[PDB]
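First up is the structure itself, then whatever we jot down about it.
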Amino acid sequence: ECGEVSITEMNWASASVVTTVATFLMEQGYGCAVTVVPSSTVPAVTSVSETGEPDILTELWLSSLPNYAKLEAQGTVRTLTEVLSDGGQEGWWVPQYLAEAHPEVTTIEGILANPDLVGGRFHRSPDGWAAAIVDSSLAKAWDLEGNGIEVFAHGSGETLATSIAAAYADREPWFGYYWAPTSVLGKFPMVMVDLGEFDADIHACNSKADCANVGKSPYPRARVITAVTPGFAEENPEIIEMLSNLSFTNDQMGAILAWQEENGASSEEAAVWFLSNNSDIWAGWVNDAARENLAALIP
Ligand SMILES: C[SH](C)CCC(=O)O
Numbered sequence: 001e002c003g004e005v006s007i008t009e010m011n012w013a014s015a016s017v018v019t020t021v022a023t024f025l026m027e028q029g030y031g032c033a034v035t036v037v038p039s040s041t042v043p044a045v046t047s048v049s050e051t052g053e054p055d056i057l058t059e060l061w062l063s064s065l066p067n068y069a070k071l072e073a074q075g076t077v078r079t080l081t082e083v084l085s086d087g088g089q090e091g092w093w094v095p096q097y098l099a100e101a102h103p104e105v106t107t108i109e110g111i112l113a114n115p116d117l118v119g120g121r122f123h124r125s126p127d128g129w130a131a132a133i134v135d136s137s138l139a140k141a142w143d144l145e146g147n148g149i150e151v152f153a154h155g156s157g158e159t160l161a162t163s164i165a166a167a168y169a170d171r172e173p174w175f176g177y178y179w180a181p182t183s184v185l186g187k188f189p190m191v192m193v194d195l196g197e198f199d200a201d202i203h204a205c206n207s208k209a210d211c212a213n214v215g216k217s218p219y220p221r222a223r224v225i226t227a228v229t230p231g232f233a234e235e236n237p238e239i240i241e242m243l244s245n246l247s248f249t250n251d252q253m254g255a256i257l258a259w260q261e262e263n264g265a266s267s268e269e270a271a272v273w274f275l276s277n278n279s280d281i282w283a284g285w286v287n288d289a290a291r292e293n294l295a296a297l298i299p
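Residue 1 is where the sequence shown starts when you use mature numbering (1 follows the signal peptide of the UniProt record, and there is no 0), and the numbers rise one by one after that.
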C-alpha cells in the first residue's frame, strides 16, 4: 500500500494547485500519508541532492537548472512528466501602457540608455528561485547598476506580484522579472522587453552561481516537470504512474486559478473544484482502485 510521502509546495500560485491536487489524489485515491514541504527551487534541488528528500519535486522549472540532466544521470532524480504541459516563458517585462507611451523601453538597450523611463529600478525574482541567479547574472552582463538601474530583490513571489499591481493601479513604470501565462499577467497587460537572441551556452552560464563569465541571453522557454527520487519510484509504482499523468494545460490551470480568485477559495477548495468538474481530464490519471475511492469521497 501507500505510506509516508513528502512533496514540495513551491511558493507561487500554479505550483500550489499542482501540489494540492497531487496531495488530494495521493491521499484520497491511494490512502497516502502526505507531508507537504513548503519549498523553493534552489533549496529543493539542493535538498534532494543532499538528503534524498522530499520524494516529489514539482513544479520544477527546468529553464535555469542546467545541471539537472547531470542530476538525473547520477540517478539522484527521475523526470516523470511535464506538469505544466504547455510550458511557460520567463522574461523581463514592462507594462503595456509604458511600451505604448515610450516604445524605446521595448529593448534592454533602450531602457539602459534612458533609465528614468522605468523609474531607475529593476524588480528581481526572490532568493530561492533559480531565476534569481539568472537575473543577477543578466544585471551584470548588461551592467544595470552602472546605467542607473537599481536591482531590487523582492522578498517573495507575492511582493514581486504586488509591486506590479501597485505600479499598474497608478499607471507608473515597472521593469522586472515575471513569467507567462500567469494570473498577474492576465490581469495586468505586460510586454516582454527584448533581451536579444537566445544563446544556450550563455544562459547555462547565467544559471550557475560559479560561472563568472556572464553574457547576454533571454530565458529559454521553460519545461516544467514533476520529478521524483528513484527510491520513492522503486517503492511506489502506482503513485509514479499517477504522477506521470498529473498535468495541466495552461487553459486548464487558468480556469482553476480564476475560480480560486473569483471565490476566496483555499488551494484545497480549488483542487476539489477542479477534480469535481473535470473527470474527463483526470479519470485516466488514476488506476481503477483509486478511482473507486475518489468516486466515493469527491461528491
Ligand atoms: C515560479 S517559476 C516561473 C521559476 C522558478 C525558479 O526560478 O526557481
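Using N, Cα and C, we set each Cβ at its ideal position, and we do this for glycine too.
Put simply, the backbone Cα of residue 178 is about 31 Å away from that of residue 240. Rounded to the nearest whole angstrom, the CA to CA distance from residue 275 to residue 77 is 28 Å. In this structure, 242 is the residue among 296, 148, 242 with its C-alpha nearest to the C-alpha of residue 285.
Contact residues of ligand 1 (beta-carbon closer than 5 Å to any heavy atom; chain order) are 12, 41, 61, 129, 130, 131, 179. Taking residue 35 as the centre and dropping the five residues before and after it, the same chain places the C-beta of 4, 5, 6, 7, 54 closer than 8 Å to its C-beta, in chain order. Residues of the same chain with a CB within less than 7 Å of the CB of residue 40, apart from the 5 flanking positions on each side, are 10, 11, 128, 129 in chain order. The DSSP-derived three-state label of residue 144 is coil. Under DSSP, the beta-bridge partners assigned to residue 194 are 107.
Pairing residue 254 with residue 213, the inter-Cα distance amounts to about 38 Å. Non-local C-beta neighbours of residue 27 in its own chain, meaning closer than 6 Å and more than five positions away in sequence, comprise 34, ordered along the chain.
In this structure, the beta-carbon distance from residue 94 to residue 118 falls below 8 Å.
For residue 95, the enclosing beta strand (DSSP E) begins and ends at 88-95. The Cβ neighbour count for residue 124, taken over all protein chains shown within 10 Å, is at least 16; the residue is labelled buried. Taking 8 Å as the cut-off, the Cβ atoms of residue 225 and residue 81 count as close. Counting other Cβ atoms within 10 Å of its Cβ, residue 13 reaches 16 or more and is therefore classed as buried. Boundaries of the beta strand (DSSP E) around residue 38: 33-39.
Burial state of residue 208 is buried, judged by a 10 Å Cβ sphere holding 16 or more other Cβ atoms.
The continuous beta strand (DSSP E) containing residue 180 extends over residues 176-180. In this structure the segment 153-173 does not touch the segment 59-70; the number of beta carbon pairs closer than 8 Å is below three. Under the Cβ criterion (8 Å, minimum of three pairs), the segment 184-197 counts as touching the segment 100-107. In this structure, residue 59 places its C-beta atom within 8 Å of the C-beta atom of residue 83. Considered as a whole, the segment 197-270 harbours 224-228 as its complete beta strand (DSSP E) runs of no fewer than 3 residues, in chain order. One Cα belongs to residue 144, the other to residue 219, and the distance between them is close to 17 Å. Here the C-alpha atom of residue 23 lies approximately 13 Å from the C-alpha atom of residue 294. Residue state for residue 152 is assigned as strand, using DSSP reduced to three classes. Looking at the DSSP output, residue 63 shares a beta bridge with no other residue. Beta-bridge pairing by DSSP links residue 5 to 34.
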